[PDB]
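Asks: need coordinates for the following:
(one chain, ligands or ions: 8)
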Amino acid sequence: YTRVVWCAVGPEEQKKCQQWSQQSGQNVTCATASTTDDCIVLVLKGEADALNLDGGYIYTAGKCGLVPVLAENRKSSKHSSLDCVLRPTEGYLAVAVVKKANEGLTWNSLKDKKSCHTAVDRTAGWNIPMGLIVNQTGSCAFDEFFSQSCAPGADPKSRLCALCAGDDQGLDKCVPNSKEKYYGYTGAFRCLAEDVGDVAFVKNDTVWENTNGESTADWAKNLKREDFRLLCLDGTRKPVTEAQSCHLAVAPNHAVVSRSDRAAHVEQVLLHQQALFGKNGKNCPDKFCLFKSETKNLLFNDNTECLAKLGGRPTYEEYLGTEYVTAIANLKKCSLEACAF
Ligand SMILES: *[C@@H]1O[C@H](CO)[C@@H](O[C@@H]2O[C@H](CO)[C@@H](O[C@@H]3O[C@H](CO)[C@@H](O[C@@H]4O[C@H](CO)[C@@H](O[C@@H]5O[C@H](CO)[C@@H](O[C@@H]6O[C@H](CO)[C@@H](O)[C@H](O)[C@@H]6O)[C@H](O)[C@@H]5O)[C@H](O)[C@@H]4O)[C@H](O)[C@@H]3O)[C@H](O)[C@H]2NC(C)=O)[C@H](O)[C@H]1NC(C)=O
Ligand SMILES: *[C@@H]1O[C@H](CO)[C@@H](O[C@@H]2O[C@H](CO)[C@@H](O[C@H]3O[C@H](CO[C@@H]4O[C@H](CO)[C@@H](O)[C@H](O)[C@@H]4O)[C@@H](OC4O[C@H](CO)[C@@H](O)[C@H](O)[C@@H]4O)[C@H](O)[C@@H]3O)[C@H](O)[C@H]2NC(C)=O)[C@H](O)[C@H]1NC(C)=O
Ligand SMILES: *[C@@H]1O[C@H](CO)[C@@H](O[C@@H]2O[C@H](CO)[C@@H](O)[C@H](O)[C@H]2NC(C)=O)[C@H](O)[C@H]1NC(C)=O
Ligand SMILES: OC[C@H]1O[C@H](O[C@H]2[C@H](O)[C@@H](O)[C@H](O)O[C@@H]2CO)[C@H](O)[C@@H](O)[C@@H]1O
Ligand SMILES: [Fe+3]
Ligand SMILES: [Zn+2]
Ligand SMILES: [Zn+2]
Ligand SMILES: [Zn+2]
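Replies: Numbering: from 1, shown residues only. Ligands and ions are numbered 1, 2, ... in the order given. Please find the structure below.
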């Protein structure tokens, strides 16, 4: 058989990947790159096999010929009798989150406010909110909309990176990897929690997972759900319990992608690796947990119960959904079928 070469984005993911590799008996090994796009390029070159991607990155990867293999499946209600690996995914809720204390901030007064984004090109953090904003403002100048932002992956000298903080030393400001303090779901929510931004573009789960003691992290320790609100598209504000009626979109779950020629083997290896290291995994938590990273969502989201089989052997467009694909396409006209590499 062959080994599977995972691609880790940044040095923290690399550390986790190297643990996984050690525990896997080298069935999985690790390549690393600085950005998700660079990992995609490694995969395209055949120098890595696979990584797990947000839907916006799935679009990039898809255009370049990479295919979805398995999807993250979090806890559900529905389809409650089937195994996680066979339970249909549900998709996560992209939300706009503000402080309750920031009274009178709504969707319609976001202009010239400070924003926190997971990263450029990600679903909840970018594609959905900026796609909506471009459409409603009828302008492609999404780079001049918020007074300041943290939008990892944007030009570090620009207003879209002005709120980003980098790493301990204050290097890597605005890089789109976990070295950036305000990267990703948990980083963007932290940017809001610390009042660096006025609004965070994250998902519903992020808010719950980092409040009311669900996170023991210093910046999250003491956060309370009731101190946050969601911005609905109709201009109202709701408690974070109302995400099902106050979201920006429903997003397709992050999913593993590979070259088509390696998909079957990546799939088999992953199904076995999560049997060992997944949620009820034979050797998790004693040895290693693939879906834990102390809240940092490294390699996979920490709320992943399993990687689930896809159904209909879907193309990247089918997996993302035609509506989301066209929304992305429309947005990218601002910055039209390619491989961008
Ligand atoms: C925004 O993001 C949040 C973070 O992801 C989401 O919150 C999380 O939601 C999930 C569930 O969607 C929660 O997971 C659960 O946590 C529970 C406690 O830790 C677990 O314990 C029990 O789980 C059972 C299964 O869900 C529940 O029992 C029931 O299920 C039975 C059988 O299906 C049903 O049967 C009925 O029961 C009735 C009782 O009176 C009876 O009258 C009827 O005749 C009928 O028999 C019924 O549905 C029942 O409720 C049980 O209640 C426990 O919950 C559970 O296994 C699961 O792991 C996370 O805890 C949430 N996380 C946090 C931090 O809150 C949030 O949902 C999301 N928002 C939106 C809108 O998507
Ligand atoms: C920012 O603005 C842009 C521009 O408005 C916007 O892009 C537009 O997005 C629209 C929504 O995706 C899109 O409109 C479409 O819907 C048509 C049908 O959608 C269907 O739903 C019904 C009901 O569930 C079902 O019958 C279908 O199964 C579809 O799921 C779609 O197609 C048609 O084909 C059908 C046959 O296959 C026919 O029955 C029917 O006659 C239609 O011809 C359209 O192709 C289209 O997807 C707009 O096209 C699109 N505009 C442009 C110019 O591209 C972005 O969405 C927005 N950004 C954000 C983030 O919101
Ligand atoms: C690494 O991958 C190999 C190949 O899939 C696994 O090998 C299994 O080994 C046991 C014991 O020799 C056999 O009974 C199985 O038949 C092998 N797998 C298959 C399906 O051929 C091995 O278990 C993996 N190790 C880890 C730690 O992941
Ligand atoms: O792959 C299943 C995905 O289903 C949805 O996608 C729909 C989409 O809503 C619609 O525009 C189109 O007509 O059909 C696709 C199915 O490919 C969601 O995008 C996701 O929840 C699912 O991954
Ligand atoms: Fe995402
Ligand atoms: Zn092999
Ligand atoms: Zn909806
Ligand atoms: Zn198909």
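Asks: which residues touch the closest residue to residue 155 other than its chain neighbours?
Replies: Computed as Cβ to Cβ, 6 or more residues apart in numbering, the closest residue to residue 155 that is not its neighbour in sequence is residue 161, at 6.4 Å. Every residue, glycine included, has its C-beta placed from N, CA and C. Neighbour list for residue 161: 149-152, 154-155, 173-174 [criterion: Cβ atoms under 8 Å, 6 or more residues apart in numbering].
Asks: how many neighbours does residue 163 have?
Replies: 24 (other Cβ atoms under 10 Å).
Asks: do the same with residue 243
Replies: 21.
Asks: with adjacent residues omitted, what lies nearest to the residue nearest the centre of the chain?
Replies: The geometric centre of the chain, computed from its C-alpha atoms, lies nearest to residue 54 (Cα atoms, centre = their mean), at 4.7 Å. Leaving aside its chain neighbours, residue 54 sits nearest to residue 122 (4.7 Å; criterion: Cβ to Cβ, 6+ apart).
Asks: break the protein down into its domains, please.
Replies: Split into domains by curated CATH domains, the chain comes to 2-73+255-316, 74-254+317-327.
Asks: off-centre distance for stretch 238-245?
Replies: Taking Cα atoms, centre = their mean, to the nearest Å, the mean C-alpha location of stretch 238-245 is offset from the chain mean by 20 Å.
Asks: re the thing from before, out of the domains of the chain, which comes closest to residue 336?
Replies: domain 2-73+255-316 (10.0 Å; Cβ to Cβ).
Asks: touching ligand 2 at all, that closest one?
Replies: No: using Cβ under 6 Å from any ligand atom, domain 2-73+255-316 stays clear of ligand 2, with a minimum separation of 11.4 Å.
Asks: can you say which helix or strand has residue 207 in it?
Replies: helix 204-209 (DSSP states H and E).
Asks: closest residue of the stretch 1-150 of the chain to ligand 4?
Replies: residue 91 (3.9 Å; Cβ to the nearest ligand atom).
Asks: quick one, phi/psi of the closest residue to that residue other than its chain neighbours?
Replies: Counting by Cβ to Cβ, 6+ apart, residue 91 lies nearest to residue 250, which is 4.6 Å off, once chain neighbours are set aside. Per-residue torsions, residue 250: phi -100, psi 130 (degrees, to the nearest 10).
Asks: give the contact list for whichever residue of the stretch 151-300 of the chain sits closest to ligand 2.
Replies: Taking Cβ to the nearest ligand atom, ligand 2 has its nearest neighbour within the stretch 151-300 of the chain at residue 249, 7.0 Å off. Counting by Cβ under 8 Å, 6+ apart, residue 249 touches 93-94, 123-124, 128, 324.
Asks: for ligand 3, see how far away it is.
Replies: Noted for residue 249: a distance of 37 Å to ligand 3, by Cβ to the nearest ligand atom, to the nearest Å.
Asks: likewise residue 46?
Replies: For residue 46, the distance to ligand 3 - Cβ to the nearest ligand atom - is 21 Å.
Asks: surely that residue and residue 258 touch.
Replies: No: applying Cβ atoms under 8 Å, one finds residue 46 not in contact with residue 258, separated by 10.4 Å.
Asks: which of those two has more residues huddled nearby?
Replies: Neighbours were counted for residue 46 and for residue 258 using other Cβ under 10 Å; residue 258 has more, 25 against 11.
Asks: for the more buried one, list each beta-bridge partner.
Replies: Beta-bridge partners for residue 258, by DSSP bridges, are residue 50, residue 67.
Asks: show me what contacts the closest residue to residue 306 other than its chain neighbours?
Replies: Nearest residue to residue 306, sequence neighbours excluded (Cβ to Cβ, 6+ apart): residue 84, at 3.9 Å. By Cβ under 8 Å, 6+ apart, the contact set of residue 84 is 73, 279, 305-306, 308.
Asks: residues near the closest residue to residue 233 other than its chain neighbours, how many?
Replies: Using Cβ to Cβ, 6+ apart and skipping the chain neighbours, the partner closest in space to residue 233 is residue 107 (5.8 Å). Residue 107 has 22 neighbours, counted by other Cβ under 10 Å.
Asks: and stretch 18-38, does that touch ligand 6?
Replies: No: against ligand 6, stretch 18-38 shows no contacts by Cβ under 5 Å from the ion, the least distance being 7.4 Å.
Asks: neighbours around the closest residue to ligand 6 within the stretch 201-341 of the chain, how many?
Replies: Residue nearest to ligand 6 within the stretch 201-341 of the chain (Cβ to the ion): residue 265, separated by 5.5 Å. Residues near residue 265, counting by other Cβ under 10 Å, number 17.
Asks: for residue 274, what are its contacts?
Replies: Taking Cβ under 8 Å, 6+ apart, we find residue 274 in contact with 281, 290-291, 306-307.
Asks: now it: which helix or strand?
Replies: Using DSSP H and E, residue 274 falls in helix 263-277.
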